>>> print(open('structure-v4.pdb').read())   # PDB, C-alpha atoms
ATOM      1  CA  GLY A  35       1.900   9.156  14.961  1.00  0.00           C
ATOM      2  CA  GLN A  36       0.751   9.173  11.349  1.00  0.00           C
ATOM      3  CA  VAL A  37      -2.659  10.059  12.734  1.00  0.00           C
ATOM      4  CA  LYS A  38      -1.279  13.156  14.479  1.00  0.00           C
ATOM      5  CA  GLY A  39      -0.164  15.048  11.398  1.00  0.00           C
ATOM      6  CA  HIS A  40      -3.475  14.233   9.742  1.00  0.00           C
ATOM      7  CA  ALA A  41      -5.439  15.479  12.707  1.00  0.00           C
ATOM      8  CA  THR A  42      -3.434  18.714  12.708  1.00  0.00           C
ATOM      9  CA  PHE A  43      -3.817  19.077   8.891  1.00  0.00           C
ATOM     10  CA  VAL A  44      -7.553  18.638   9.288  1.00  0.00           C
ATOM     11  CA  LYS A  45      -8.291  20.761  12.314  1.00  0.00           C
ATOM     12  CA  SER A  46      -6.386  23.738  11.143  1.00  0.00           C
ATOM     13  CA  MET A  47      -8.246  23.915   7.788  1.00  0.00           C
ATOM     14  CA  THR A  48     -11.073  26.374   8.233  1.00  0.00           C
ATOM     15  CA  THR A  49     -13.729  26.832   5.527  1.00  0.00           C
ATOM     16  CA  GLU A  50     -11.899  30.017   4.394  1.00  0.00           C
ATOM     17  CA  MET A  51      -8.570  28.219   4.058  1.00  0.00           C
ATOM     18  CA  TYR A  52     -10.216  25.350   2.221  1.00  0.00           C
ATOM     19  CA  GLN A  53     -11.959  27.641  -0.295  1.00  0.00           C
ATOM     20  CA  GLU A  54      -8.720  29.503  -0.883  1.00  0.00           C
ATOM     21  CA  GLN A  55      -6.896  26.143  -1.577  1.00  0.00           C
ATOM     22  CA  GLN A  56      -9.743  25.151  -3.877  1.00  0.00           C
ATOM     23  CA  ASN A  57      -9.451  28.314  -5.904  1.00  0.00           C
ATOM     24  CA  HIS A  58      -5.596  28.389  -5.982  1.00  0.00           C
ATOM     25  CA  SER A  59      -5.646  24.759  -7.078  1.00  0.00           C
ATOM     26  CA  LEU A  60      -8.158  25.464  -9.872  1.00  0.00           C
ATOM     27  CA  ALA A  61      -5.788  28.351 -10.966  1.00  0.00           C
ATOM     28  CA  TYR A  62      -2.874  26.090 -10.951  1.00  0.00           C
ATOM     29  CA  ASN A  63      -4.710  23.493 -13.088  1.00  0.00           C
ATOM     30  CA  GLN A  64      -5.723  26.293 -15.555  1.00  0.00           C
ATOM     31  CA  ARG A  65      -2.092  27.377 -16.125  1.00  0.00           C
ATOM     32  CA  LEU A  66      -0.948  23.894 -17.209  1.00  0.00           C
ATOM     33  CA  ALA A  67      -2.216  24.280 -20.831  1.00  0.00           C
ATOM     34  CA  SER A  68       0.811  26.783 -20.993  1.00  0.00           C
ATOM     35  CA  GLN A  69       3.506  24.372 -19.373  1.00  0.00           C
ATOM     36  CA  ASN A  70       4.942  21.248 -21.116  1.00  0.00           C
ATOM     37  CA  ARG A  71       7.619  18.821 -19.879  1.00  0.00           C
ATOM     38  CA  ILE A  72       6.683  16.946 -16.763  1.00  0.00           C
ATOM     39  CA  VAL A  73      10.044  16.247 -15.008  1.00  0.00           C
ATOM     40  CA  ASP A  74      10.974  12.791 -13.719  1.00  0.00           C
ATOM     41  CA  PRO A  75      10.350  12.911  -9.931  1.00  0.00           C
ATOM     42  CA  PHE A  76      13.206  10.489  -9.213  1.00  0.00           C
ATOM     43  CA  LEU A  77      15.786  12.458 -10.796  1.00  0.00           C
ATOM     44  CA  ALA A  78      16.721  14.252  -7.957  1.00  0.00           C
ATOM     45  CA  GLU A  79      15.325  17.417  -6.528  1.00  0.00           C
ATOM     46  CA  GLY A  80      13.375  19.487  -9.074  1.00  0.00           C
ATOM     47  CA  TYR A  81      14.233  22.490 -11.244  1.00  0.00           C
ATOM     48  CA  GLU A  82      12.176  25.421  -9.930  1.00  0.00           C
ATOM     49  CA  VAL A  83       8.612  25.120  -8.910  1.00  0.00           C
ATOM     50  CA  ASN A  84       6.159  27.754  -7.787  1.00  0.00           C
ATOM     51  CA  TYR A  85       2.746  26.316  -7.248  1.00  0.00           C
ATOM     52  CA  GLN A  86       1.413  29.533  -5.614  1.00  0.00           C
ATOM     53  CA  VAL A  87      -1.230  27.410  -3.890  1.00  0.00           C
ATOM     54  CA  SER A  88       0.005  28.103  -0.299  1.00  0.00           C
ATOM     55  CA  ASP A  89       2.179  30.870   1.210  1.00  0.00           C
ATOM     56  CA  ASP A  90       4.387  28.099   2.559  1.00  0.00           C
ATOM     57  CA  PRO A  91       6.016  26.052  -0.242  1.00  0.00           C
ATOM     58  CA  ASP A  92       6.353  23.102   2.248  1.00  0.00           C
ATOM     59  CA  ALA A  93       2.788  22.995   3.701  1.00  0.00           C
ATOM     60  CA  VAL A  94       0.991  19.688   3.616  1.00  0.00           C
ATOM     61  CA  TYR A  95      -1.446  19.988   0.744  1.00  0.00           C
ATOM     62  CA  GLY A  96      -3.543  16.748   1.391  1.00  0.00           C
ATOM     63  CA  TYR A  97      -3.481  13.349   3.068  1.00  0.00           C
ATOM     64  CA  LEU A  98      -3.446  10.125   1.207  1.00  0.00           C
ATOM     65  CA  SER A  99      -4.414   6.720   2.513  1.00  0.00           C
ATOM     66  CA  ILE A 100      -4.394   3.193   0.993  1.00  0.00           C
ATOM     67  CA  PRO A 101      -5.730   0.986   3.793  1.00  0.00           C
ATOM     68  CA  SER A 102      -5.050  -2.267   2.087  1.00  0.00           C
ATOM     69  CA  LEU A 103      -1.290  -1.406   2.212  1.00  0.00           C
ATOM     70  CA  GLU A 104      -1.500   0.448   5.531  1.00  0.00           C
ATOM     71  CA  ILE A 105      -0.301   3.595   3.852  1.00  0.00           C
ATOM     72  CA  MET A 106      -1.343   6.883   5.424  1.00  0.00           C
ATOM     73  CA  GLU A 107       0.861   9.889   4.400  1.00  0.00           C
ATOM     74  CA  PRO A 108       0.977  13.639   3.906  1.00  0.00           C
ATOM     75  CA  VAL A 109       1.122  14.837   0.374  1.00  0.00           C
ATOM     76  CA  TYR A 110       3.465  17.751  -0.483  1.00  0.00           C
ATOM     77  CA  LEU A 111       3.646  19.923  -3.593  1.00  0.00           C
ATOM     78  CA  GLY A 112       6.613  19.287  -5.891  1.00  0.00           C
ATOM     79  CA  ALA A 113       8.542  16.082  -5.907  1.00  0.00           C
ATOM     80  CA  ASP A 114      12.149  16.939  -4.914  1.00  0.00           C
ATOM     81  CA  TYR A 115      14.527  15.077  -2.584  1.00  0.00           C
ATOM     82  CA  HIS A 116      13.431  17.154   0.394  1.00  0.00           C
ATOM     83  CA  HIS A 117       9.694  16.486   0.014  1.00  0.00           C
ATOM     84  CA  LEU A 118      10.131  12.870  -1.014  1.00  0.00           C
ATOM     85  CA  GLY A 119      12.226  12.379   2.123  1.00  0.00           C
ATOM     86  CA  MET A 120       9.225  13.560   4.175  1.00  0.00           C
ATOM     87  CA  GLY A 121       6.147  11.987   2.569  1.00  0.00           C
ATOM     88  CA  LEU A 122       4.494  11.712  -0.881  1.00  0.00           C
ATOM     89  CA  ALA A 123       4.766  14.564  -3.417  1.00  0.00           C
ATOM     90  CA  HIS A 124       2.532  15.821  -6.188  1.00  0.00           C
ATOM     91  CA  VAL A 125       4.359  15.918  -9.594  1.00  0.00           C
ATOM     92  CA  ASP A 126       4.526  19.447 -10.984  1.00  0.00           C
ATOM     93  CA  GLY A 127       3.103  19.812 -14.459  1.00  0.00           C
ATOM     94  CA  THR A 128       0.239  17.341 -13.665  1.00  0.00           C
ATOM     95  CA  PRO A 129      -3.065  18.664 -12.345  1.00  0.00           C
ATOM     96  CA  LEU A 130      -3.856  18.786  -8.661  1.00  0.00           C
ATOM     97  CA  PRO A 131      -6.492  16.153  -7.753  1.00  0.00           C
ATOM     98  CA  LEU A 132      -9.738  18.123  -8.351  1.00  0.00           C
ATOM     99  CA  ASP A 133     -12.970  17.084  -9.966  1.00  0.00           C
ATOM    100  CA  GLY A 134     -13.555  17.264 -13.771  1.00  0.00           C
ATOM    101  CA  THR A 135     -12.971  15.304 -17.020  1.00  0.00           C
ATOM    102  CA  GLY A 136      -9.517  14.608 -18.298  1.00  0.00           C
ATOM    103  CA  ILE A 137      -7.649  15.083 -14.982  1.00  0.00           C
ATOM    104  CA  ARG A 138      -4.721  12.770 -14.307  1.00  0.00           C
ATOM    105  CA  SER A 139      -3.057  13.966 -11.091  1.00  0.00           C
ATOM    106  CA  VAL A 140       0.375  12.225 -10.390  1.00  0.00           C
ATOM    107  CA  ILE A 141       1.695  11.734  -6.817  1.00  0.00           C
ATOM    108  CA  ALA A 142       5.208  10.283  -6.379  1.00  0.00           C
ATOM    109  CA  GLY A 143       6.769   8.307  -3.557  1.00  0.00           C
ATOM    110  CA  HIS A 144       9.929   6.371  -2.694  1.00  0.00           C
ATOM    111  CA  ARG A 145      10.291   2.627  -3.113  1.00  0.00           C
ATOM    112  CA  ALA A 146      13.048   1.929  -0.563  1.00  0.00           C
ATOM    113  CA  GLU A 147      13.832   5.207   1.255  1.00  0.00           C
ATOM    114  CA  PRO A 148      16.066   4.449   4.239  1.00  0.00           C
ATOM    115  CA  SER A 149      13.565   5.215   6.896  1.00  0.00           C
ATOM    116  CA  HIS A 150       9.950   4.814   5.625  1.00  0.00           C
ATOM    117  CA  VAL A 151       7.908   2.326   3.631  1.00  0.00           C
ATOM    118  CA  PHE A 152       6.151   4.910   1.443  1.00  0.00           C
ATOM    119  CA  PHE A 153       5.398   3.267  -1.918  1.00  0.00           C
ATOM    120  CA  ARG A 154       7.588   0.070  -1.297  1.00  0.00           C
ATOM    121  CA  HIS A 155       4.478  -2.090  -1.894  1.00  0.00           C
ATOM    122  CA  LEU A 156       2.398  -0.533  -4.679  1.00  0.00           C
ATOM    123  CA  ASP A 157       3.029  -3.707  -6.734  1.00  0.00           C
ATOM    124  CA  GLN A 158       0.606  -5.567  -4.410  1.00  0.00           C
ATOM    125  CA  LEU A 159      -2.476  -3.473  -5.320  1.00  0.00           C
ATOM    126  CA  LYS A 160      -5.293  -5.397  -7.064  1.00  0.00           C
ATOM    127  CA  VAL A 161      -7.987  -3.854  -9.269  1.00  0.00           C
ATOM    128  CA  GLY A 162     -10.734  -2.352  -6.974  1.00  0.00           C
ATOM    129  CA  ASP A 163      -8.511  -1.576  -4.037  1.00  0.00           C
ATOM    130  CA  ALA A 164      -9.466   1.731  -2.448  1.00  0.00           C
ATOM    131  CA  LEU A 165      -7.416   4.951  -1.991  1.00  0.00           C
ATOM    132  CA  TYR A 166      -8.855   7.779   0.065  1.00  0.00           C
ATOM    133  CA  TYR A 167      -7.653  11.338  -0.366  1.00  0.00           C
ATOM    134  CA  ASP A 168      -8.387  14.022   2.226  1.00  0.00           C
ATOM    135  CA  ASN A 169      -8.314  17.734   1.132  1.00  0.00           C
ATOM    136  CA  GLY A 170      -9.402  18.881   4.545  1.00  0.00           C
ATOM    137  CA  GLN A 171     -13.206  19.095   4.260  1.00  0.00           C
ATOM    138  CA  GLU A 172     -13.814  16.211   1.890  1.00  0.00           C
ATOM    139  CA  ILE A 173     -12.538  12.676   1.412  1.00  0.00           C
ATOM    140  CA  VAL A 174     -12.319  11.665  -2.223  1.00  0.00           C
ATOM    141  CA  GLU A 175     -12.522   7.955  -2.904  1.00  0.00           C
ATOM    142  CA  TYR A 176     -10.710   6.224  -5.855  1.00  0.00           C
ATOM    143  CA  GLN A 177     -10.332   2.690  -6.916  1.00  0.00           C
ATOM    144  CA  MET A 178      -7.390   0.848  -8.523  1.00  0.00           C
ATOM    145  CA  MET A 179      -7.894   0.408 -12.231  1.00  0.00           C
ATOM    146  CA  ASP A 180      -4.603  -0.797 -13.811  1.00  0.00           C
ATOM    147  CA  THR A 181      -0.786  -0.379 -13.889  1.00  0.00           C
ATOM    148  CA  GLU A 182       2.048   0.432 -16.255  1.00  0.00           C
ATOM    149  CA  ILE A 183       5.796   0.207 -16.345  1.00  0.00           C
ATOM    150  CA  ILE A 184       7.475   3.130 -18.089  1.00  0.00           C
ATOM    151  CA  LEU A 185      10.969   4.535 -18.768  1.00  0.00           C
ATOM    152  CA  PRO A 186      11.889   7.717 -16.784  1.00  0.00           C
ATOM    153  CA  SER A 187      12.378   9.682 -20.057  1.00  0.00           C
ATOM    154  CA  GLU A 188       8.836   8.850 -21.110  1.00  0.00           C
ATOM    155  CA  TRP A 189       7.239  11.859 -19.412  1.00  0.00           C
ATOM    156  CA  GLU A 190       4.450  11.962 -22.004  1.00  0.00           C
ATOM    157  CA  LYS A 191       3.145   8.751 -20.513  1.00  0.00           C
ATOM    158  CA  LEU A 192       2.235  10.721 -17.366  1.00  0.00           C
ATOM    159  CA  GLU A 193      -0.314  12.853 -19.180  1.00  0.00           C
ATOM    160  CA  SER A 194      -4.023  12.158 -19.255  1.00  0.00           C
ATOM    161  CA  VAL A 195      -5.050   9.637 -21.868  1.00  0.00           C
ATOM    162  CA  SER A 196      -8.826   9.778 -21.433  1.00  0.00           C
ATOM    163  CA  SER A 197     -11.772  11.816 -20.174  1.00  0.00           C
ATOM    164  CA  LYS A 198     -11.580   9.970 -16.862  1.00  0.00           C
ATOM    165  CA  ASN A 199     -10.627  11.506 -13.572  1.00  0.00           C
ATOM    166  CA  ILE A 200      -7.472   9.714 -12.424  1.00  0.00           C
ATOM    167  CA  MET A 201      -4.913   9.700  -9.692  1.00  0.00           C
ATOM    168  CA  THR A 202      -1.664   8.003 -10.808  1.00  0.00           C
ATOM    169  CA  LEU A 203       0.868   6.742  -8.201  1.00  0.00           C
ATOM    170  CA  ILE A 204       4.506   6.634  -9.398  1.00  0.00           C
ATOM    171  CA  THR A 205       7.531   4.968  -7.805  1.00  0.00           C
ATOM    172  CA  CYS A 206      10.813   3.363  -8.831  1.00  0.00           C
ATOM    173  CA  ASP A 207      11.010  -0.188 -10.179  1.00  0.00           C
ATOM    174  CA  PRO A 208      12.433  -2.796  -9.901  1.00  0.00           C
ATOM    175  CA  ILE A 209      14.386  -3.119  -6.619  1.00  0.00           C
ATOM    176  CA  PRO A 210      17.371  -2.398  -6.594  1.00  0.00           C
ATOM    177  CA  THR A 211      17.925  -1.234 -10.132  1.00  0.00           C
ATOM    178  CA  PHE A 212      15.188   1.369 -10.176  1.00  0.00           C
ATOM    179  CA  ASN A 213      15.766   2.078 -13.720  1.00  0.00           C
ATOM    180  CA  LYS A 214      12.031   2.048 -14.501  1.00  0.00           C
ATOM    181  CA  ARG A 215       8.898   3.678 -13.093  1.00  0.00           C
ATOM    182  CA  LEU A 216       5.894   1.781 -11.841  1.00  0.00           C
ATOM    183  CA  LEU A 217       2.552   3.554 -12.448  1.00  0.00           C
ATOM    184  CA  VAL A 218      -0.587   2.522 -10.628  1.00  0.00           C
ATOM    185  CA  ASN A 219      -3.787   4.289 -11.945  1.00  0.00           C
ATOM    186  CA  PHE A 220      -6.817   4.885  -9.835  1.00  0.00           C
ATOM    187  CA  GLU A 221     -10.251   6.181 -11.002  1.00  0.00           C
ATOM    188  CA  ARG A 222     -12.271   8.541  -8.874  1.00  0.00           C
ATOM    189  CA  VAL A 223     -15.381   7.110  -7.359  1.00  0.00           C
ATOM    190  CA  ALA A 224     -17.080   9.573  -4.973  1.00  0.00           C
ATOM    191  CA  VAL A 225     -16.394  12.659  -2.828  1.00  0.00           C
ATOM    192  CA  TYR A 226     -17.690  12.672   0.777  1.00  0.00           C
ATOM    193  CA  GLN A 227     -18.315  15.820   2.720  1.00  0.00           C
ATOM    194  CA  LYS A 228     -17.155  15.620   6.247  1.00  0.00           C
ATOM    195  CA  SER A 229     -20.292  17.583   7.142  1.00  0.00           C
ATOM    196  CA  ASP A 230     -22.342  14.478   6.107  1.00  0.00           C
ATOM    197  CA  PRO A 231     -22.862  11.955   8.973  1.00  0.00           C
ATOM    198  CA  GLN A 232     -22.075   8.978   6.609  1.00  0.00           C
ATOM    199  CA  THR A 233     -18.582  10.392   6.149  1.00  0.00           C
ATOM    200  CA  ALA A 234     -17.532   9.291   9.576  1.00  0.00           C
ATOM    201  CA  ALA A 235     -17.265   5.584   8.579  1.00  0.00           C
ATOM    202  CA  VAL A 236     -15.025   6.608   5.567  1.00  0.00           C
ATOM    203  CA  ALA A 237     -12.826   8.691   7.921  1.00  0.00           C
ATOM    204  CA  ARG A 238     -12.660   5.855  10.400  1.00  0.00           C
ATOM    205  CA  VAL A 239     -11.564   3.256   7.862  1.00  0.00           C
ATOM    206  CA  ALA A 240      -9.144   5.531   5.937  1.00  0.00           C
ATOM    207  CA  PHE A 241      -7.489   7.556   8.673  1.00  0.00           C
ATOM    208  CA  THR A 242      -7.114   5.256  11.533  1.00  0.00           C
TER     209      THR A 242
END
>>> encode(input="structure-v4.pdb", output="structure tokens")
Amino acid sequence: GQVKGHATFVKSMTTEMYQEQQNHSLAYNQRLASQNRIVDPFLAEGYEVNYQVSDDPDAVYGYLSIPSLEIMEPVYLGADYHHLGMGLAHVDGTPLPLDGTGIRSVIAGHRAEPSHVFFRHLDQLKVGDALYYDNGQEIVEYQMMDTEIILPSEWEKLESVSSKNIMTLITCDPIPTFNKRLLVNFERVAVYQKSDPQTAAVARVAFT
């Protein structure tokens, strides 16, 4: 059910598609020096985004899994109402989740969306808990480092703060007021190639 979208995501991604997403994503990260204001993802929809990473603005870009919360979801590009109604959404104006110093890639999700758990339970995460991210050919592993509460107008607090490589989860807080944003930061640990036989135990644990 969840596993079906993931399997289709995966199987369709040839080596040529994957290398093209790699290079488009690098390009996108390179243009961010130029941009400025990150927009609050829980406005609303979202201004006007053109990632130019895929020909289809609504393609699934990655899959994200946090086993300890039984979360396994597609990640879309650009965090508007439409995408956040269908899964998790990368926040425009933050890097895509690639390797390198000083990357803080921000993925948003709903707290109490009428029909899906999504990020309802991020507040349960303890330091060390694992998050696995699948870009098609690799699974990147992160581990929970710390959390913050911020105000929605405090968009600067979404930017990188260190030379670390980070994935930051953002959702609304507290229920039902939602007038704040919960941030949960994760640090990158390792990248597994799905061509490596050890990768199979990561895939099994993360995506099933």
>>> residues_near_point(input="structure-v4.pdb", point="(2.0, 16.1, -14.8)", cutoff="10 Å", atoms="all atoms listed in the file", output="list in words")
residues 66, 69, 70, 71, 72, 73, 74, 124, 125, 126, 127, 128, 129, 130, 137, 138, 139, 140, 141, 189, 190, 191, 192, 193, 194 and 202 of chain A
>>> write_last_selection(input="structure-v4.pdb", atoms="C-alpha atoms", output="JSON list (two decimals), in the frame of the given file")
[["chain", "number", "residue", "atom", "x", "y", "z"],
["A", 66, "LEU", "CA", -0.95, 23.89, -17.21],
["A", 69, "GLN", "CA", 3.51, 24.37, -19.37],
["A", 70, "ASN", "CA", 4.94, 21.25, -21.12],
["A", 71, "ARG", "CA", 7.62, 18.82, -19.88],
["A", 72, "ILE", "CA", 6.68, 16.95, -16.76],
["A", 73, "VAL", "CA", 10.04, 16.25, -15.01],
["A", 74, "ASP", "CA", 10.97, 12.79, -13.72],
["A", 124, "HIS", "CA", 2.53, 15.82, -6.19],
["A", 125, "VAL", "CA", 4.36, 15.92, -9.59],
["A", 126, "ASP", "CA", 4.53, 19.45, -10.98],
["A", 127, "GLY", "CA", 3.10, 19.81, -14.46],
["A", 128, "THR", "CA", 0.24, 17.34, -13.66],
["A", 129, "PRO", "CA", -3.06, 18.66, -12.34],
["A", 130, "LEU", "CA", -3.86, 18.79, -8.66],
["A", 137, "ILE", "CA", -7.65, 15.08, -14.98],
["A", 138, "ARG", "CA", -4.72, 12.77, -14.31],
["A", 139, "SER", "CA", -3.06, 13.97, -11.09],
["A", 140, "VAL", "CA", 0.38, 12.22, -10.39],
["A", 141, "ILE", "CA", 1.70, 11.73, -6.82],
["A", 189, "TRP", "CA", 7.24, 11.86, -19.41],
["A", 190, "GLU", "CA", 4.45, 11.96, -22.00],
["A", 191, "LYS", "CA", 3.14, 8.75, -20.51],
["A", 192, "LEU", "CA", 2.24, 10.72, -17.37],
["A", 193, "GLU", "CA", -0.31, 12.85, -19.18],
["A", 194, "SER", "CA", -4.02, 12.16, -19.26],
["A", 202, "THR", "CA", -1.66, 8.00, -10.81]]
>>> resolve_selection(input="structure-v4.pdb", expression="the PyMOL selection byres ((chain A and resi 186) around 10)", output="tab-separated table (two decimals) with C-alpha atoms, in the frame of the given file")
chain	number	residue	atom	x	y	z
A	73	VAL	CA	10.04	16.25	-15.01
A	74	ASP	CA	10.97	12.79	-13.72
A	75	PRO	CA	10.35	12.91	-9.93
A	76	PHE	CA	13.21	10.49	-9.21
A	77	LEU	CA	15.79	12.46	-10.80
A	183	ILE	CA	5.80	0.21	-16.34
A	184	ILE	CA	7.48	3.13	-18.09
A	185	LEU	CA	10.97	4.54	-18.77
A	187	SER	CA	12.38	9.68	-20.06
A	188	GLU	CA	8.84	8.85	-21.11
A	189	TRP	CA	7.24	11.86	-19.41
A	191	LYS	CA	3.14	8.75	-20.51
A	206	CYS	CA	10.81	3.36	-8.83
A	212	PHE	CA	15.19	1.37	-10.18
A	213	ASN	CA	15.77	2.08	-13.72
A	214	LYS	CA	12.03	2.05	-14.50
A	215	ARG	CA	8.90	3.68	-13.09
A	216	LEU	CA	5.89	1.78	-11.84
>>> resolve_selection(input="structure-v4.pdb", expression="the PyMOL selection byres ((chain A and resi 226) around 6)", output="PyMOL selection string")
chain A and resi 172-173+225+227+233
>>> residues_around(input="structure-v4.pdb", residues="residue A:53", least_positions_apart="2", cutoff="12 Å", atoms="only C-alpha atoms", output="mmCIF file with C-alpha atoms, in the coordinates of the input")
data_model
loop_
_atom_site.group_PDB
_atom_site.id
_atom_site.type_symbol
_atom_site.label_atom_id
_atom_site.label_comp_id
_atom_site.auth_asym_id
_atom_site.auth_seq_id
_atom_site.Cartn_x
_atom_site.Cartn_y
_atom_site.Cartn_z
ATOM 1 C CA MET A 47 -8.246 23.915 7.788
ATOM 2 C CA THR A 48 -11.073 26.374 8.233
ATOM 3 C CA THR A 49 -13.729 26.832 5.527
ATOM 4 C CA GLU A 50 -11.899 30.017 4.394
ATOM 5 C CA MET A 51 -8.570 28.219 4.058
ATOM 6 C CA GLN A 55 -6.896 26.143 -1.577
ATOM 7 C CA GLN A 56 -9.743 25.151 -3.877
ATOM 8 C CA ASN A 57 -9.451 28.314 -5.904
ATOM 9 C CA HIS A 58 -5.596 28.389 -5.982
ATOM 10 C CA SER A 59 -5.646 24.759 -7.078
ATOM 11 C CA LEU A 60 -8.158 25.464 -9.872
ATOM 12 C CA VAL A 87 -1.230 27.410 -3.890
ATOM 13 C CA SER A 88 0.005 28.103 -0.299
ATOM 14 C CA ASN A 169 -8.314 17.734 1.132
ATOM 15 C CA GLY A 170 -9.402 18.881 4.545
ATOM 16 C CA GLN A 171 -13.206 19.095 4.260
ATOM 17 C CA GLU A 172 -13.814 16.211 1.890
#
>>> resolve_selection(input="structure-v4.pdb", expression="the PyMOL selection byres ((chain A and resi 101) around 9)", output="JSON, numbers by chain")
{"A": [99, 100, 102, 103, 104, 105, 106, 163, 164, 165, 166, 239, 240, 241, 242]}
>>> write_last_selection(input="structure-v4.pdb", atoms="C-alpha atoms", output="compact mmCIF listing (two decimals), keeping the file's coordinate frame")
# COMPACT_ATOMS: atom_id res chain seq x y z
CA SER A 99 -4.41 6.72 2.51
CA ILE A 100 -4.39 3.19 0.99
CA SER A 102 -5.05 -2.27 2.09
CA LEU A 103 -1.29 -1.41 2.21
CA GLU A 104 -1.50 0.45 5.53
CA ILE A 105 -0.30 3.60 3.85
CA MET A 106 -1.34 6.88 5.42
CA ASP A 163 -8.51 -1.58 -4.04
CA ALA A 164 -9.47 1.73 -2.45
CA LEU A 165 -7.42 4.95 -1.99
CA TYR A 166 -8.86 7.78 0.06
CA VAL A 239 -11.56 3.26 7.86
CA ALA A 240 -9.14 5.53 5.94
CA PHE A 241 -7.49 7.56 8.67
CA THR A 242 -7.11 5.26 11.53
>>> closest_residue(input="structure-v4.pdb", among="A:115, A:110, A:95, A:176", to="residue A:81", atoms="only C-alpha atoms")
A:115
>>> atom_distance(input="structure-v4.pdb", atom1="atom CA of residue A:63", atom2="atom CA of residue A:131")
9.2 Å
>>> atom_distance(input="structure-v4.pdb", atom1="atom CA of residue A:78", atom2="atom CA of residue A:151")
18.8 Å
>>> atom_distance(input="structure-v4.pdb", atom1="atom CA of residue A:178", atom2="atom CA of residue A:220")
4.3 Å
>>> residues_around(input="structure-v4.pdb", residues="residue A:219", least_positions_apart="2", cutoff="6 Å", atoms="all atoms listed in the file", output="number ranges by chain")
A: 179-181, 201-202
>>> closest_residue(input="structure-v4.pdb", among="A:148, A:113, A:221, A:135", to="residue A:177", atoms="only C-alpha atoms")
A:221
>>> closest_residue(input="structure-v4.pdb", among="A:230, A:147, A:182, A:133", to="residue A:210", atoms="all atoms listed in the file")
A:147
>>> decode(input="structure-v4.pdb", residues="stretch 62-107 of chain A", atoms="C-alpha atoms", output="CSV table (one decimal), in the first residue's frame")
chain,number,residue,atom,x,y,z
A,62,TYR,CA,19.3,23.4,-8.0
A,63,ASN,CA,21.5,23.5,-4.9
A,64,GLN,CA,24.0,25.7,-6.8
A,65,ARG,CA,21.3,28.3,-7.6
A,66,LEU,CA,20.3,28.9,-4.0
A,67,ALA,CA,23.2,31.3,-3.2
A,68,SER,CA,21.0,33.6,-5.5
A,69,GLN,CA,17.6,33.0,-3.7
A,70,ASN,CA,16.7,34.3,-0.2
A,71,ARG,CA,13.4,34.0,1.7
A,72,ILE,CA,12.4,30.5,2.5
A,73,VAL,CA,8.6,30.6,2.7
A,74,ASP,CA,6.6,29.0,5.5
A,75,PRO,CA,5.3,25.7,4.2
A,76,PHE,CA,2.1,25.9,6.3
A,77,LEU,CA,1.0,29.0,5.0
A,78,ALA,CA,-0.9,27.6,2.4
A,79,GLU,CA,0.1,26.6,-1.1
A,80,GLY,CA,3.3,28.3,-2.3
A,81,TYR,CA,4.1,31.3,-4.4
A,82,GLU,CA,5.7,30.0,-7.6
A,83,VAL,CA,8.2,27.3,-7.7
A,84,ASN,CA,10.2,25.8,-10.6
A,85,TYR,CA,12.7,23.2,-9.4
A,86,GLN,CA,13.5,22.1,-12.9
A,87,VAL,CA,14.6,18.8,-11.5
A,88,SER,CA,11.9,16.7,-13.2
A,89,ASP,CA,9.8,17.3,-16.3
A,90,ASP,CA,6.8,16.5,-14.1
A,91,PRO,CA,6.4,19.1,-11.3
A,92,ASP,CA,4.5,16.4,-9.3
A,93,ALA,CA,6.8,13.4,-9.6
A,94,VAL,CA,7.9,11.7,-6.5
A,95,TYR,CA,11.4,12.9,-5.9
A,96,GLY,CA,12.4,10.4,-3.0
A,97,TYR,CA,11.0,8.1,-0.3
A,98,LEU,CA,11.4,8.8,3.3
A,99,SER,CA,11.1,6.3,6.2
A,100,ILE,CA,11.3,6.6,10.0
A,101,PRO,CA,10.7,3.0,11.2
A,102,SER,CA,10.4,3.9,14.8
A,103,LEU,CA,7.3,5.9,14.0
A,104,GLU,CA,6.1,3.6,11.2
A,105,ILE,CA,6.4,6.5,8.7
A,106,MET,CA,7.1,5.5,5.1
A,107,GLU,CA,6.1,8.3,2.6
